[PDB]
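Trainee: Data: structure_8.cif, mmCIF, C-alpha atoms and all ligand atoms.
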```cif
data_final
#
loop_
_atom_site.label_atom_id
_atom_site.label_comp_id
_atom_site.auth_asym_id
_atom_site.auth_seq_id
_atom_site.Cartn_x
_atom_site.Cartn_y
_atom_site.Cartn_z
CA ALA E 1 63.40 224.12 136.80
CA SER E 2 60.09 225.97 137.46
CA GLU E 3 56.34 226.37 136.69
CA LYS E 4 54.02 229.22 137.76
CA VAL E 5 50.71 227.53 138.77
CA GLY E 6 47.72 229.89 138.43
CA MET E 7 45.28 229.16 141.28
CA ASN E 8 41.61 230.31 141.24
CA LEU E 9 39.18 230.47 144.19
CA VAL E 10 36.59 227.60 144.34
CA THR E 11 33.28 227.41 146.29
CA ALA E 12 30.58 224.85 145.17
CA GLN E 13 29.90 226.72 141.88
CA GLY E 14 33.38 225.73 140.56
CA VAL E 15 36.11 228.10 139.25
CA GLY E 16 35.86 231.69 140.58
CA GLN E 17 38.41 234.50 140.21
CA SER E 18 42.15 234.39 140.94
CA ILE E 19 44.05 236.51 143.53
CA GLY E 20 47.52 234.81 143.28
CA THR E 21 49.57 232.05 141.59
CA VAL E 22 52.03 229.87 143.41
CA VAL E 23 55.47 229.40 141.83
CA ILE E 24 56.72 225.80 141.92
CA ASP E 25 60.50 225.40 141.50
CA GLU E 26 62.06 221.92 141.68
CA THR E 27 65.39 221.26 143.47
CA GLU E 28 67.34 218.34 144.94
CA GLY E 29 65.34 218.97 148.18
CA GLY E 30 62.15 218.80 146.02
CA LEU E 31 59.29 221.16 145.05
CA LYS E 32 60.04 224.70 146.35
CA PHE E 33 56.66 226.48 146.82
CA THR E 34 56.65 230.34 146.85
CA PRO E 35 53.09 231.73 147.21
CA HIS E 36 51.98 235.27 146.30
CA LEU E 37 48.23 235.17 147.20
CA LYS E 38 46.04 237.87 148.74
CA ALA E 39 42.41 237.72 149.99
CA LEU E 40 42.49 234.44 152.01
CA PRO E 41 41.37 233.93 155.55
CA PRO E 42 44.56 235.15 157.28
CA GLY E 43 45.50 231.96 159.18
CA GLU E 44 47.18 228.75 158.04
CA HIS E 45 46.00 226.43 155.19
CA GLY E 46 46.86 222.80 154.27
CA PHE E 47 48.60 222.28 150.85
CA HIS E 48 47.78 219.19 148.71
CA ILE E 49 48.37 217.70 145.25
CA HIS E 50 45.29 215.89 143.86
CA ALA E 51 44.83 212.76 141.68
CA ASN E 52 43.48 214.45 138.50
CA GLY E 53 43.88 218.11 137.30
CA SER E 54 40.36 219.69 137.42
CA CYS E 55 39.15 222.49 139.81
CA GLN E 56 35.50 221.55 139.00
CA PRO E 57 32.48 220.63 141.28
CA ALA E 58 30.17 217.59 141.46
CA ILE E 59 26.34 217.77 141.97
CA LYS E 60 24.23 214.96 143.60
CA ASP E 61 21.01 214.82 145.78
CA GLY E 62 20.14 218.51 145.06
CA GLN E 63 23.48 219.81 146.51
CA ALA E 64 27.03 220.69 145.35
CA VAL E 65 30.54 219.43 146.23
CA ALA E 66 32.99 222.38 146.72
CA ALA E 67 35.40 221.18 143.90
CA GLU E 68 36.35 217.44 143.49
CA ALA E 69 36.90 216.49 139.77
CA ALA E 70 40.62 216.74 140.77
CA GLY E 71 40.11 213.45 142.78
CA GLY E 72 41.43 212.77 146.32
CA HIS E 73 44.89 213.95 147.60
CA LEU E 74 46.78 211.37 145.43
CA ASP E 75 45.80 208.32 147.48
CA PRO E 76 46.52 205.04 145.51
CA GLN E 77 47.40 202.39 148.19
CA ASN E 78 47.19 202.92 152.02
CA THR E 79 44.00 202.49 154.28
CA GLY E 80 42.32 205.99 154.23
CA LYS E 81 44.70 207.51 156.84
CA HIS E 82 46.54 210.68 155.72
CA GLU E 83 50.35 211.24 155.54
CA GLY E 84 51.38 213.15 158.71
CA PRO E 85 53.16 213.01 162.13
CA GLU E 86 52.96 209.16 162.54
CA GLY E 87 51.85 206.11 160.46
CA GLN E 88 51.52 206.52 156.64
CA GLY E 89 48.98 207.71 153.99
CA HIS E 90 48.68 209.58 150.65
CA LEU E 91 51.69 210.96 148.66
CA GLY E 92 49.86 214.23 147.61
CA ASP E 93 50.14 215.79 151.13
CA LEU E 94 52.41 218.88 151.72
CA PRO E 95 53.32 221.43 154.53
CA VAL E 96 50.83 224.12 155.64
CA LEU E 97 50.43 227.41 153.68
CA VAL E 98 50.88 230.12 156.39
CA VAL E 99 49.09 233.46 155.63
CA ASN E 100 49.82 236.73 157.51
CA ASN E 101 47.07 238.47 159.65
CA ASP E 102 46.19 240.83 156.66
CA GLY E 103 45.20 237.87 154.35
CA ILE E 104 48.43 237.67 152.24
CA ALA E 105 50.87 234.68 151.93
CA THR E 106 54.50 234.79 150.60
CA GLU E 107 56.47 232.05 152.48
CA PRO E 108 59.30 230.43 150.36
CA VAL E 109 58.99 226.78 151.59
CA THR E 110 59.71 223.29 150.07
CA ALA E 111 58.09 219.84 149.89
CA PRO E 112 60.67 216.94 149.58
CA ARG E 113 57.58 214.68 148.93
CA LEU E 114 58.22 215.02 145.09
CA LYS E 115 61.30 216.28 143.08
CA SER E 116 60.44 217.36 139.48
CA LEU E 117 57.56 219.20 137.69
CA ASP E 118 57.31 215.95 135.63
CA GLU E 119 55.85 214.34 138.83
CA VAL E 120 52.85 216.86 138.82
CA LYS E 121 52.23 217.72 135.07
CA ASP E 122 48.80 215.88 135.03
CA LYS E 123 47.49 217.08 138.47
CA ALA E 124 46.08 220.01 140.54
CA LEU E 125 47.41 221.91 143.57
CA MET E 126 44.81 222.59 146.32
CA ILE E 127 44.83 225.16 149.20
CA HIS E 128 42.87 223.51 152.02
CA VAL E 129 40.70 225.22 154.72
CA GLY E 130 42.54 223.64 157.71
CA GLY E 131 46.19 222.75 158.29
CA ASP E 132 46.92 219.20 157.67
CA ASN E 133 48.25 217.14 160.67
CA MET E 134 45.20 214.91 161.65
CA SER E 135 43.25 211.73 160.68
CA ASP E 136 41.75 211.03 164.10
CA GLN E 137 38.16 212.40 163.99
CA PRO E 138 35.05 210.94 162.15
CA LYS E 139 36.06 213.34 159.28
CA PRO E 140 39.83 213.79 158.40
CA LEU E 141 42.01 216.93 158.81
CA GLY E 142 39.74 217.64 161.87
CA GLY E 143 37.08 218.53 159.21
CA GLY E 144 39.62 220.60 157.10
CA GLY E 145 38.78 218.57 153.90
CA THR E 146 37.26 221.77 152.35
CA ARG E 147 39.44 224.12 150.22
CA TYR E 148 39.57 227.85 149.29
CA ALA E 149 41.60 227.58 146.00
CA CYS E 150 42.72 225.07 143.30
CA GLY E 151 45.22 225.23 140.36
CA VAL E 152 45.88 222.71 137.53
CA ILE E 153 49.61 222.31 136.63
CA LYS E 154 50.30 223.07 132.90
CU CU N 201 43.13 217.89 149.38
ZN ZN N 202 46.39 213.20 152.24
#
```
Any chance you could put this one into structure tokens?

Mentor:
Amino acid sequence: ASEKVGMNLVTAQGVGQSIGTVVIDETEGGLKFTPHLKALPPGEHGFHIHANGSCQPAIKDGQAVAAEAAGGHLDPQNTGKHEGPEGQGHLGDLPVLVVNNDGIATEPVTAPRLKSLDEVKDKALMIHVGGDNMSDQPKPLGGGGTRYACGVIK
């Protein structure tokens, strides 16, 4: 079973344009991700699910949060540490969205972290500025807590 999640760019103003969806397709090895996005910085980008579904910013002390109405990366009970190479953390954490040198991603990959669209039908996807393996600096993901795009599942 499958759902085509339309992701828009986000950058402290809130929802921008789109440049790609990602198709989510559930299987017995979980959520198969197949991206089709252009116009990103042509590296590698962390992939999360977030606690609410809302690609919208917050404003406080004369300054804007990138996009955060979606909540944290689905972080109910833990310590603050992120799910990764050792220990334990949040269940909304997923393998890194590789992009080719020309700024386009297509990699058919899978997250066994969840195994039906019914597990995400109230949430957002989020394409994160860094890849996603660290908790071990005074800010998590090595500072990669920022994001280029978001998409509410519908
Ligand atoms: Cu995130
Ligand atoms: Zn996390």

Trainee: Pick out the closest residue to ligand ZN 202 (chain N) from this set: E:32, E:60, E:4, E:48. Count all atoms listed in the file.

Mentor: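 Closest to ligand ZN 202 (chain N) of all the choices is E:48.
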
Trainee: Using CA of residue 35 in chain E and CA of residue 56 in chain E as the two end points, give the distance in Å to one decimal.

Mentor: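 Going from CA of residue 35 in chain E over to CA of residue 56 in chain E, I get 21.9 Å.
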
Trainee: Could you list the protein, DNA and RNA residues that have any atom within 7 Å of ligand ZN 202 (chain N), counting only C-alpha atoms and all ligand atoms, and write them as an NGL selection string?

Mentor: :E and (73 or 75 or 82-83 or 89-93)

Trainee: With the cut-off set at 7 Å and counting all atoms listed in the file, tabulate each residue of chain E with an atom at most that distance from an atom of ligand CU 201 (chain N), showing the nearest atom pair and its distance in Å to one decimal, ordered by chain and increasing number, as CSV.

Mentor:
```
residue,atom,partner,partner_atom,distance
E:48,CA,N:CU201,CU,4.9
E:49,CA,N:CU201,CU,6.7
E:50,CA,N:CU201,CU,6.3
E:72,CA,N:CU201,CU,6.2
E:73,CA,N:CU201,CU,4.7
E:126,CA,N:CU201,CU,5.9
E:128,CA,N:CU201,CU,6.2
E:145,CA,N:CU201,CU,6.3
```

Trainee: Could you tell me which of E:116, E:2, E:79, E:133 comes closest to residue 22 in chain E if we count only C-alpha atoms?

Mentor: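 Closest candidate: E:2.
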
Trainee: Do you know which residues are at most 12 Å from residue 25 in chain E counting all atoms listed in the file, after dropping those on the same chain fewer than 5 positions away, and could you put them as a list in words?

Mentor: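 So, after excluding close chain neighbours, the residues are residues 1, 2, 3, 4, 5, 30, 31, 32, 33, 34, 35, 108, 109, 110, 111, 112, 114, 115, 116, 117, 118 and 120 of chain E.
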
Trainee: From the list E:96, E:41, E:67, E:59, which residue is nearest residue 141 in chain E when using all atoms listed in the file?

Mentor: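 Among the listed residues, E:96 lies closest to residue 141 in chain E.
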
Trainee: Go through E:122, E:77, E:65, E:107 and flag the residue nearest residue 11 in chain E, using all atoms listed in the file for the distances.

Mentor: E:65

Trainee: Considering all atoms listed in the file, return as a list in words whatever protein or nucleic-acid residues lie within 9 Å of residue 36 in chain E, sequence-local ones (same chain, fewer than 2 positions apart) excluded.

Mentor: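 Neighbouring residues, sequence-local ones excluded: residues 19, 20, 21, 22, 23, 34, 38, 104, 105, 106 and 107 of chain E.
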
Trainee: Which residue gives the smallest distance to residue 6 in chain E among E:119, E:28, E:37, E:100, with only C-alpha atoms counted?

Mentor: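 Of the candidates, the smallest distance to residue 6 in chain E is held by E:37.
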